[PDB]
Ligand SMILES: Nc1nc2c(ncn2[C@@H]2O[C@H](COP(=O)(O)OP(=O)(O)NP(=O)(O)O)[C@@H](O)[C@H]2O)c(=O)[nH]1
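A single chain, nothing else alongside it, follows as structure tokens in the form deposited without the named molecule.
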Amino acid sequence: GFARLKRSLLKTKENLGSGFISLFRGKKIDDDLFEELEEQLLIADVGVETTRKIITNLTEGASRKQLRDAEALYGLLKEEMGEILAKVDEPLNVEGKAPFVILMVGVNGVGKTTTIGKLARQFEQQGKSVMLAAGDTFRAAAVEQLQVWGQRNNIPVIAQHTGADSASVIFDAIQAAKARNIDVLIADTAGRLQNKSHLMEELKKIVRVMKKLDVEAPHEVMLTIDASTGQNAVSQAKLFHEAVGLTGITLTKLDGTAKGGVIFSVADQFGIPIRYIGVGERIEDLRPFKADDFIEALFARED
């Protein structure tokens, strides 16, 4: 089962999940084994803190249960790592708002820009009217790219001159969305990390301004991070969550990277729902995150 996701995770399965089998084959449970397992988790970008938790719980379980053969650790690991992901399994529900406002935050990159377009296309296929707000106002090339994408797909894009106030662009976009019976408004934001304090004050202003039109907006603050960036995804998540309240995460580029293990660090450290994972280039390859499918694909050795 889950053959498509197994293929997407092929490189990650070399070190995690089914990748544990060859590590445990024929070994005894002792300090040396747990040291090697810890190293393998860290090499897979699970992160120091999440790895320490896994090792602590696995060591105590094996000791209390008086396990002797390392092979038995496979099942315990599947349970422990499966629970990490199940705790952040909650799909995004955009129904019933006028409009439902998604504030897209994260650092500038192919991930965030592509995710906006894929989500917009998916929502349209679901029968919803979509509008985009070009809130990354100082990057003229990014704004035009979004306007061009909107014209190619007949989706309206709200934009102002280069250097306009991002909070004003998004405010005007919400007003236009309400006036035009839009179901979902997706607002892009700046993603420059050179001046951390400036970006976070900018995001806080965007959120405050929205409340004049709808106290419930933004209905979702979605972070986009790239699994191929390893621990940079974790530090980016920490920065954006501490400044603005994240309510969902999209993790892109899980396919073809040996760093897929970072999903466990993101899930464990922040406890924010992972709404979507990107496992391919098609629109539909931005798929709703299902923790059970993911863990089964990761740990199953069959195809």
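Numbers for residues come from their place in the sequence shown, where the first is 1.
What comes next is about the form solved in complex with the named molecule, which does not appear here.
For this chain, the superposed copy of the named molecule, brought over from its placement in the entry with it bound, has 3 or more atoms within 2.4 Å of the backbone and C-beta atoms, so the pocket is blocked. Of the stretches 123-131, 67-75, 91-99, 108-116, only 108-116 has residues with a heavy atom within 4.5 Å of the named molecule in the entry with it bound. Interface membership of residue 288, defined by any non-hydrogen atom within 4.5 Å of the named molecule in the entry with it bound, is ruled out. Under a 4.5 angstroms non-hydrogen atom cutoff, the named molecule in the entry with it bound lacks residue 265 among its neighbouring residues. Proximity of residue 9 to the named molecule in the entry with it bound: non-hydrogen atoms within 4.5 Å are absent; the residue sits far from the partner. Not displayed here, the named molecule is approached by residue 253 to within 4.5 Å at the level of heavy atoms in the entry with it bound.
The listed set 178, 139, 87, 204 contains one residue whose heavy atoms approach the named molecule in the entry with it bound to within 4.5 Å, identified as 139. Residues 278, 279, 280, 281 of 266-299 are found to place at least one heavy atom within 4.5 Å of the named molecule in the entry with it bound.
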